[PDB]
């Protein structure tokens, strides 16, 4: 089997991407944030505290003839941005892009933090990291990918995120039309439950490439590119008037600037992030200070290849017995 679904930016900055997901029978379609940095499929639901719902579409298990309470199971998750959610669990039929899993754990939120409530466009998350991070207790649950895997034509999914445009998540096949050149595969460590890999270095604009190992994760659920402070300082030093603002919470730059590209290494291959991809616009409406898309990972404890980096590539998440990541230009 395979599946193929379009993923759409939630706003003009590509802050996140939503993908329609069918849950239950008859289908209830919710728009979920596919997150390769977490392992829970959770949704706004008929159980979510009413004051914490503001415009989201909810899953109502009582209306699904295939829903069953996973008795005694609870979940609770905290993300890198300080957001959180928790609740109970149902099993139900879940379909993505025509690929169906029966018996998928659907984590129903009873509580969500303010950042979820305030984002009316995201109806929940669909985690795509390794199932060892799933927070369901007392019986940990599998991701949608791990449940689908054995049915798939190939044990892979691919992320093809757009810059200010829709893109695609495919399951079970490589679309050889969706990228240029060849795919370079690199080793993954699953020790922390993430798609963790080591980039071979970077370049700023037309500068020379610096060969240096940068361990980090491929995380579609993170907007920005978080890298070591040395790398990030080297990037923003090429932008006149850029600075790190403790008041704003990262590097800002004059909105009048033209940003340089940023290149990262994948083995001997190179992925180029155009400068435009690194502009996240005014820090507040009408400001002439703009927020940067490359930020320091210092204090986060891991480097994160988030959407800024991933949307410059066609990315293969190879979930074979020895997992690997693949990157191609596009």
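Residue numbers count along the first chain shown, from 1.
Per-stretch averaging of Cα B factors for 184-192 and 224-232 places 184-192 on top. For the pair 257-265 and 50-58, the mean Cα B-factor is higher in 50-58. Take 26, 292, 37, 274 and read off each C-alpha B-factor from the entry; 26 has the highest. Residues shown: 143, 200, 95, 208. Highest C-alpha temperature factor in the entry: 208. Residue 288: CA B factor lies in the middle third for its chain, per the PDB record.
In the PDB entry, a CA B factor belonging to the lowest third of its chain's modelled residues is recorded for residue 251. The entry lists a Cα temperature factor for residue 324 that places it in the middle third of the chain's modelled residues.
Residue 150 sits in the highest third of its chain by CA B factor, as recorded in the PDB entry. The PDB entry assigns residue 100 a C-alpha temperature factor belonging to the middle third of its chain's modelled residues.
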